[PDB]
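Asks: Provided herewith is a single structure, encoded as C-alpha cells, for subsequent inquiry.
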Amino acid sequence: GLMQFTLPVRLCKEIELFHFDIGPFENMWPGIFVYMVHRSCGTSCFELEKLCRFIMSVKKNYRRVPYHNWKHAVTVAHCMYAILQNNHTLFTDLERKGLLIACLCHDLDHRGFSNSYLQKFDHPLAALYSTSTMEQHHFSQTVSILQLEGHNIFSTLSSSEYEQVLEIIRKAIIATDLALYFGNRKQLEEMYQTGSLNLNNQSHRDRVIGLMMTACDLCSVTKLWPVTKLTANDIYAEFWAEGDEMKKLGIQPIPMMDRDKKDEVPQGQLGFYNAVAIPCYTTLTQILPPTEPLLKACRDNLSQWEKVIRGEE
Ligand SMILES: Cc1nc(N2CCCC2)c2ccc(OCC3CC3)cc2n1
Ligand SMILES: [Mg+2]
Ligand SMILES: [Zn+2]
C-alpha cells in the first residue's frame, strides 16, 4: 500500500505536460502508466498485483505493427491523463478509473488495417460487427482480458459500479471510431453554442468523453514538431500497406494509402488538420478550457506542414 512508482526528474516534470513523449524504452511504459493511474485515480484504485498482470496481458495483445501498437496505447492514455489532471473536479472516481483503462485498451489486437479494408476483404469481424468493426473487437478483447483469472482490476467495485465502468469503457472505445467523431463534434458544437450543454445530462457527458477519446487518439498532431513528423512516418507505413492490400484485391486505393503518391502527403496532412484535428481540439477547448495547449500545439503543427509545402522544409 506504501509502494509509489517514481520517475526520473525530467519525466516526473514533463509527464504533466500535454506534449510529453513516453520515450523509446518500452520497459519503462508500464511504470509510466501505473504512475499516471496512481496520481489520476489514487494508490487504492486498483490492487497493484492485478493491475500489473492486466497491463502485461494488454501489452501482449497489441501486435508489432508500425503505428497501432503498444506505444500508441500508452501515448493515448498519457493524453487522457493530462486532460484529467488539468480538469481535476469535472470527473467522477469511476470515470478516472474507466478512461485510463479504455485508452490503454482502445486498439487491442489491431492489425494495422481500417474498418473499410476489413469490409472490402470480407473479413469475419466485418460479418460479426457491421459498423465500428475494429472498435467492437477492441472492446471484446478488453472484456476477455478483464475475465482472465487474477486480471479483474475492478473486482472491488459494487455490481452497479462494475456495470457503469464497463459501460464508460465500451462507449469510450466505440467513440475512437473516427467515422462517429464528425456527428459527435457537430452536436457538441450546437449544444455549446445554443447554451444547452449540461454535464449533469449523462447523454451529454457521454458526448464530451467521446470527444476527449478522439482528442487523445489523434494526439500525435499535438506533440512537438519532430515527434509529430516522425510519428507521421509510422502512420503512413500502415496506410501504404493497406493501399498495397487494396491493390491486391484489385481496388485502386485512395491517394492517402497509395505509396506511389507520397508527394501528396503534406497536402493530405493540411486537409486532415483543417477537416478533423483543429475542429476537434477547438470544440474540446470550448467545453474544457484547460485543454487549450492541445489546440495551440495542433495549430503549430498545421503551420509546420504549411512550411513543408512551401519547400521551406
Ligand atoms: C491524412 C490523415 N492523417 C491521419 N493521421 C495523422 C495524425 C493522426 C491521424 C488520419 C487518421 C485517421 C483517418 O481516417 C480517415 C478520416 C478522413 C476521414 C484519416 C487520417 N488522414
Ligand atoms: Mg482505433
Ligand atoms: Zn488509436
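In the C-alpha cells, chains take letters A, B, ... by order of appearance, with residues numbered from 1 within each chain and ligands from 1 in the order shown.
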Using only C-alpha atoms and all ligand atoms, which residues of the polymer chains come no farther than 6 Å from ligand 1? I'd like the answer as an mmCIF file with N, CA, C and O atoms, in the first residue's frame.

Replies:
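Everything below was put into out_27.cif:
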```cif
data_model
loop_
_atom_site.group_PDB
_atom_site.id
_atom_site.type_symbol
_atom_site.label_atom_id
_atom_site.label_comp_id
_atom_site.auth_asym_id
_atom_site.auth_seq_id
_atom_site.Cartn_x
_atom_site.Cartn_y
_atom_site.Cartn_z
ATOM 1 N N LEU A 218 -5.891 11.191 -31.428
ATOM 2 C CA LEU A 218 -5.247 11.948 -32.542
ATOM 3 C C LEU A 218 -4.010 12.693 -32.022
ATOM 4 O O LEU A 218 -3.474 13.455 -32.821
ATOM 5 N N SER A 220 -1.003 12.562 -31.632
ATOM 6 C CA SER A 220 0.217 12.670 -32.474
ATOM 7 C C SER A 220 0.363 14.107 -33.017
ATOM 8 O O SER A 220 1.506 14.621 -33.155
ATOM 9 N N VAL A 221 -0.758 14.749 -33.341
ATOM 10 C CA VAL A 221 -0.750 16.076 -34.015
ATOM 11 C C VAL A 221 -0.562 17.180 -32.982
ATOM 12 O O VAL A 221 -0.512 18.333 -33.403
ATOM 13 N N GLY A 268 -2.252 16.259 -47.986
ATOM 14 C CA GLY A 268 -3.144 15.360 -47.219
ATOM 15 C C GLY A 268 -3.173 15.679 -45.725
ATOM 16 O O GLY A 268 -4.240 15.628 -45.117
ATOM 17 N N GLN A 269 -2.039 15.996 -45.115
ATOM 18 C CA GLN A 269 -1.976 16.414 -43.683
ATOM 19 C C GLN A 269 -2.729 17.742 -43.464
ATOM 20 O O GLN A 269 -3.476 17.857 -42.448
ATOM 21 N N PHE A 272 -6.476 17.071 -43.360
ATOM 22 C CA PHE A 272 -6.734 16.360 -42.095
ATOM 23 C C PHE A 272 -6.730 17.346 -40.920
ATOM 24 O O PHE A 272 -7.604 17.238 -40.069
#
```

Asks: Which polymer residues have any atom within 10 Å of an atom of residue 212 in chain A, counting only C-alpha atoms, with same-chain residues fewer than 5 positions away left out, as a count of residues only?

Replies: 17

Asks: May I have all residues of range 23-112 of chain A that DSSP, computed from the backbone, assigns to alpha helix (DSSP H), given as number ranges by chain?

Replies: A: 29-40, 48-60, 70-85, 93-105

Asks: Closest to ligand 3 among A:199, A:104, A:265, A:276, using only C-alpha atoms and all ligand atoms?

Replies: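 For ligand 3, the nearest of the given residues is A:104.
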
Asks: At what distance in Å, to one decimal, does CA of residue 107 in chain A lie from CA of residue 77 in chain A?

Replies: 11.5 Å

Asks: Taking only C-alpha atoms and all ligand atoms into account, list the residues no farther than 12 Å from ligand 2, as a compact mmCIF listing (two decimals) with N, CA, C and O atoms, in the first residue's frame.

Replies:
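Saved result, out.txt, follows:
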```
# COMPACT_ATOMS: atom_id res chain seq x y z
N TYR A 62 -1.37 -6.40 -28.06
CA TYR A 62 -1.03 -5.40 -29.10
C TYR A 62 -0.05 -6.10 -30.03
O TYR A 62 0.74 -6.90 -29.55
N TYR A 67 2.28 1.52 -36.20
CA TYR A 67 1.63 2.65 -35.52
C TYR A 67 0.65 2.18 -34.45
O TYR A 67 0.77 2.69 -33.33
N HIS A 68 -0.30 1.30 -34.78
CA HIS A 68 -1.39 0.87 -33.86
C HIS A 68 -0.87 -0.22 -32.92
O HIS A 68 -1.45 -1.28 -32.87
N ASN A 69 0.12 0.14 -32.11
CA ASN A 69 0.96 -0.76 -31.27
C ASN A 69 0.89 -0.30 -29.82
O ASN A 69 0.17 0.67 -29.46
N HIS A 72 1.38 3.36 -28.95
CA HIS A 72 0.18 4.21 -29.22
C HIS A 72 -0.78 4.13 -28.02
O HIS A 72 -1.29 5.17 -27.57
N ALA A 73 -1.00 2.92 -27.51
CA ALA A 73 -1.87 2.65 -26.36
C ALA A 73 -1.46 3.57 -25.21
O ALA A 73 -2.34 4.23 -24.61
N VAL A 76 -1.79 7.37 -25.86
CA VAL A 76 -3.20 7.86 -25.86
C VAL A 76 -3.66 7.96 -24.39
O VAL A 76 -4.32 8.96 -24.07
N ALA A 102 -9.67 2.50 -20.66
CA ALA A 102 -10.27 2.49 -22.00
C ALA A 102 -9.19 2.89 -23.01
O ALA A 102 -9.11 2.30 -24.06
N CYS A 103 -8.37 3.88 -22.67
CA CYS A 103 -7.32 4.42 -23.55
C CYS A 103 -6.27 3.35 -23.81
O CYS A 103 -5.90 3.13 -24.98
N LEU A 104 -5.80 2.69 -22.75
CA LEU A 104 -4.79 1.61 -22.87
C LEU A 104 -5.33 0.47 -23.75
O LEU A 104 -4.52 -0.12 -24.53
N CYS A 105 -6.65 0.22 -23.73
CA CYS A 105 -7.25 -0.96 -24.39
C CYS A 105 -7.82 -0.61 -25.76
O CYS A 105 -8.25 -1.56 -26.42
N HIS A 106 -7.81 0.65 -26.20
CA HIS A 106 -8.77 1.13 -27.23
C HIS A 106 -8.43 0.55 -28.58
O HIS A 106 -9.31 0.59 -29.44
N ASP A 107 -7.21 0.06 -28.79
CA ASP A 107 -6.82 -0.53 -30.10
C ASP A 107 -6.31 -1.98 -29.94
O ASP A 107 -5.58 -2.45 -30.81
N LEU A 108 -6.72 -2.68 -28.89
CA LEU A 108 -6.32 -4.09 -28.66
C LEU A 108 -6.43 -4.95 -29.94
O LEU A 108 -7.46 -4.90 -30.65
N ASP A 109 -5.35 -5.65 -30.26
CA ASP A 109 -5.33 -6.68 -31.33
C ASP A 109 -5.58 -6.02 -32.69
O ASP A 109 -6.10 -6.69 -33.60
N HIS A 110 -5.16 -4.77 -32.84
CA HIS A 110 -5.19 -4.04 -34.14
C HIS A 110 -4.19 -4.66 -35.10
O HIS A 110 -3.02 -4.88 -34.69
N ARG A 111 -4.59 -4.84 -36.36
CA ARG A 111 -3.73 -5.48 -37.39
C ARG A 111 -3.13 -4.41 -38.29
O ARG A 111 -2.38 -4.77 -39.15
N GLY A 112 -3.47 -3.14 -38.10
CA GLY A 112 -2.96 -2.03 -38.92
C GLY A 112 -3.80 -1.78 -40.14
O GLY A 112 -3.33 -1.04 -41.04
N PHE A 113 -5.03 -2.28 -40.17
CA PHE A 113 -5.97 -2.02 -41.30
C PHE A 113 -7.27 -1.38 -40.80
O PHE A 113 -7.78 -1.69 -39.68
N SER A 114 -7.82 -0.51 -41.64
CA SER A 114 -9.07 0.23 -41.38
C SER A 114 -10.27 -0.71 -41.43
O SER A 114 -10.16 -1.82 -42.04
N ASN A 115 -11.37 -0.23 -40.86
CA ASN A 115 -12.73 -0.80 -40.97
C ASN A 115 -13.02 -1.06 -42.45
O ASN A 115 -13.50 -2.18 -42.73
N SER A 132 -18.34 0.11 -36.84
CA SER A 132 -17.25 0.28 -35.86
C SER A 132 -16.58 -1.09 -35.63
O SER A 132 -16.43 -1.50 -34.48
N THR A 133 -16.23 -1.77 -36.73
CA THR A 133 -15.81 -3.19 -36.74
C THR A 133 -14.64 -3.38 -35.75
O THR A 133 -14.81 -4.14 -34.78
N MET A 134 -13.54 -2.66 -35.95
CA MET A 134 -12.34 -2.91 -35.12
C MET A 134 -12.65 -2.49 -33.68
O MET A 134 -12.17 -3.16 -32.72
N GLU A 135 -13.42 -1.42 -33.51
CA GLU A 135 -13.68 -0.85 -32.16
C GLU A 135 -14.53 -1.84 -31.34
O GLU A 135 -14.27 -1.98 -30.15
N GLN A 136 -15.49 -2.50 -31.95
CA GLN A 136 -16.28 -3.53 -31.21
C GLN A 136 -15.34 -4.67 -30.84
O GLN A 136 -15.42 -5.20 -29.70
N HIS A 137 -14.40 -4.99 -31.71
CA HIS A 137 -13.38 -6.02 -31.43
C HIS A 137 -12.50 -5.59 -30.26
O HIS A 137 -12.26 -6.41 -29.36
N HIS A 138 -12.04 -4.34 -30.26
CA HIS A 138 -11.14 -3.85 -29.18
C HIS A 138 -11.88 -3.97 -27.86
O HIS A 138 -11.26 -4.39 -26.85
N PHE A 139 -13.15 -3.54 -27.81
CA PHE A 139 -13.94 -3.69 -26.57
C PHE A 139 -14.05 -5.18 -26.20
O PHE A 139 -13.89 -5.55 -25.02
N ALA A 172 -16.45 4.71 -24.59
CA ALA A 172 -15.15 5.39 -24.82
C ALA A 172 -14.46 4.71 -26.00
O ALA A 172 -14.03 5.42 -26.89
N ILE A 173 -14.43 3.37 -26.03
CA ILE A 173 -13.67 2.66 -27.09
C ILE A 173 -14.43 2.80 -28.43
O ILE A 173 -13.78 3.09 -29.47
N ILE A 174 -15.75 2.67 -28.43
CA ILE A 174 -16.54 2.82 -29.69
C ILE A 174 -16.31 4.23 -30.24
O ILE A 174 -16.22 4.36 -31.48
N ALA A 175 -16.18 5.25 -29.37
CA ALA A 175 -16.04 6.66 -29.81
C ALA A 175 -14.73 6.86 -30.61
O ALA A 175 -14.65 7.83 -31.42
N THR A 176 -13.73 5.99 -30.45
CA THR A 176 -12.43 6.11 -31.17
C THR A 176 -12.65 5.77 -32.64
O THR A 176 -11.68 5.84 -33.42
N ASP A 177 -13.83 5.34 -33.04
CA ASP A 177 -14.11 5.12 -34.50
C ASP A 177 -14.26 6.51 -35.12
O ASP A 177 -15.29 7.14 -34.86
N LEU A 178 -13.28 6.98 -35.88
CA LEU A 178 -13.27 8.39 -36.35
C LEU A 178 -14.55 8.66 -37.17
O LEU A 178 -14.94 9.84 -37.25
N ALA A 179 -15.20 7.63 -37.77
CA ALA A 179 -16.38 7.84 -38.62
C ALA A 179 -17.48 8.47 -37.74
O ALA A 179 -18.23 9.26 -38.26
N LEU A 180 -17.46 8.23 -36.43
CA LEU A 180 -18.50 8.71 -35.48
C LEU A 180 -18.15 10.10 -34.95
O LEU A 180 -19.04 10.73 -34.37
N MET A 213 -11.85 11.21 -26.19
CA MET A 213 -11.27 9.98 -26.78
C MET A 213 -10.72 10.30 -28.16
O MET A 213 -9.57 9.92 -28.42
N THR A 214 -11.42 11.08 -28.99
CA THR A 214 -10.89 11.46 -30.32
C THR A 214 -9.61 12.28 -30.11
O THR A 214 -8.55 12.00 -30.75
N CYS A 216 -7.53 12.41 -27.59
CA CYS A 216 -6.38 11.59 -27.10
C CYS A 216 -5.87 10.72 -28.24
O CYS A 216 -4.64 10.62 -28.46
N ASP A 217 -6.79 10.13 -29.01
CA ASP A 217 -6.41 9.21 -30.10
C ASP A 217 -5.62 9.91 -31.18
O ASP A 217 -4.76 9.22 -31.83
N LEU A 218 -5.89 11.19 -31.43
CA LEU A 218 -5.25 11.95 -32.54
C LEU A 218 -4.01 12.69 -32.02
O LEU A 218 -3.47 13.46 -32.82
```
